[PDB]
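Chemist: For reference, the structure I am asking about is given below.
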Ligand SMILES: *[C@@H]1O[C@H](CO)[C@@H](O)[C@H](O)[C@H]1NC(C)=O
Ligand SMILES: *[C@@H]1O[C@H](CO)[C@@H](O)[C@H](O)[C@H]1NC(C)=O
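Residue numbers (the entry's author numbering), protein chains in the order written: chain A, 564 to 611; chain B, 856 to 904.
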């Protein structure tokens with residue numbers, strides 16, 4: 564009925580109305596890194 | 856679960872370009888590429904030093 568992650572989060576499910584098997588992938592995330600020269604030099608930045 | 860792995864600064868291809876350059880200097884020039892500009896010397900003579 565469910566599939567499991569190592570932290571005991573859910574990794575997959577069987578749907579209770581259509582018995583198809585669904586993955587759960589977490590909604591896309593990450594670190595935001597702001598590459599900057601000194602604010603003394605410029606207020607322009609780039610984002611990783 | 857909030858965990859991530861960041862990549863190293865040098866790729867393994869860059870690190871192998873450094874071990875390449877360290878090999879190439881060591882063979883062609885002896886210790887001299889550590890002291891300054893790489894002074895070539897024949898390897899048979901470097902091993903005699
Ligand atoms: C949901 O309803 C349909 C009929 O409308 C039925 O075929 C299906 O088996 C039902 N789901 C479950 C879990 O029984
Ligand atoms: C910072 O700005 C001052 C403005 O007088 C300038 O003299 C200095 O060279 C700047 N330094 C850098 C690292 O941008």
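Ideal placement from N, C-alpha and C gives every residue a C-beta, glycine not left out.
Does the Cβ of residue 885 of chain B have 16 or more other Cβ atoms within 10 Å, making it buried, or fewer, making it exposed?
Modeler: To locate residue 885 of chain B, count along the second chain from 1; it is residue 30. It counts as buried.
Chemist: To the nearest angstrom, report how far apart residue 586 of chain A and residue 857 of chain B are at their CA atoms.
Modeler: Locating residue 586 of chain A in the first chain gives position 23, counting from the first residue. Locating residue 857 of chain B in the second chain gives position 2, counting from the first residue. Those two C-alpha atoms are separated by around 19 Å.
Chemist: Could you give the residue range of the beta strand (DSSP E) that holds residue 858 of chain B?
Modeler: For this step, residue 858 of chain B is matched to residue 3 along the second chain. Where residue 858 of chain B is concerned, there is no enclosing beta strand (DSSP E), given that its DSSP letter is neither H nor E.
Chemist: With distances taken between CB atoms, is the gap from residue 572 of chain A to residue 565 of chain A smaller than 8 Å?
Modeler: Numbered from 1 along the first chain, position 9 holds the residue referred to as residue 572 of chain A. Numbered from 1 along the first chain, position 2 holds the residue referred to as residue 565 of chain A. No, Cβ-Cβ distance for residue 572 of chain A and residue 565 of chain A is not below 8 Å.
Chemist: Roughly how many whole angstroms lie between the Cα atoms of residue 602 of chain A and residue 610 of chain A?
Modeler: By one-based count along the first chain, residue 602 of chain A stands at place 39. By one-based count along the first chain, residue 610 of chain A stands at place 47. Taking the straight line from one Cα to the other gives about 15 Å.
Chemist: Nearest CA to the CA of residue 930 of chain B: which residue from B:871, B:859 and B:901?
Modeler: Chain B is shown from 856 up to 904; residue 930 of chain B falls before or after that span and cannot be answered.
Chemist: Could you please go through the chain and list the residues whose beta-carbon is closer than 6 Å to any non-hydrogen atom of ligand 1?
Modeler: Here the list is A:579 and A:580.
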